[PDB]
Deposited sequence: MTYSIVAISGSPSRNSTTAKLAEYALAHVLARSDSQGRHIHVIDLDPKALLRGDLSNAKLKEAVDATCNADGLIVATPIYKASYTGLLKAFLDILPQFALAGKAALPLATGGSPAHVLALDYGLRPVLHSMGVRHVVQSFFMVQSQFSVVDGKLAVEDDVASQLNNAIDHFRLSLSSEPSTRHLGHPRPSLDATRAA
């Protein structure tokens, strides 16, 4: 029994990014012994989020759920050649090595295929600052393609990424600190 948490960071309502994250979350749960939740950063209290105010219950619950996950699905539109400020603001309040022991799947969408590398150059180093155990391949989609009613090659790549994410999930308590530079100092 795995706990899977998706975090999507578009600041727009009805975002393609959120739909991609949800798709991925469903795909994983359909194929593994998992329960899940989907944190839409846009639905968190803006003031409490920016100030890291964990007296806000819903923010503290989102942080706790992230720290308790076995796998994270981390999704963002590409803004100014990187992940959104909104997504990063959430990542910023997590504990220093919040991602110790965890698998992760980076997802993004954007207007142009030019944005593909923002995940691997931008988001990936941020996940690794937090002691993450295993980040699988990035997947990026051009926004006017998500409909899955998508091109067969694109669909394969996405599904393969999600498959790998699911396969990387760990039951074993022995792995719970892996990725942390100093496992005995918690995680």
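- No C-alpha positions are given for the deposited-sequence stretches 1, 149 to 153, 194 to 197.
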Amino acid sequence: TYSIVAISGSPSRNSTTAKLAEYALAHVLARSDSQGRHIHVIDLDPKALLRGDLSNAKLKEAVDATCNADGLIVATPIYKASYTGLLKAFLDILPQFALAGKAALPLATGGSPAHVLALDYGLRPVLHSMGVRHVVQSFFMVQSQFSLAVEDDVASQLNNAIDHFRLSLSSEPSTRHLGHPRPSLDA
From here on, numbers count along this sequence of modelled residues.
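- Note on 136 to 144 vs 32 to 40: mean CA B-factor is higher in 136 to 144.
- Look at the mean CA B-factor for 150 to 158 and for 115 to 123 in the entry; the higher one is 150 to 158.
- When the CA B factors of the chain's modelled residues are split into thirds, the value for residue 27 lands in the middle one.
- When all modelled residues of the chain are sorted by CA temperature factor, residue 3 is found within the middle third.
- In this PDB entry, residue 77 carries a Cα temperature factor that places it within the middle third of its chain's modelled residues.
- When all modelled residues of the chain are sorted by CA temperature factor, residue 95 is found within the middle third.
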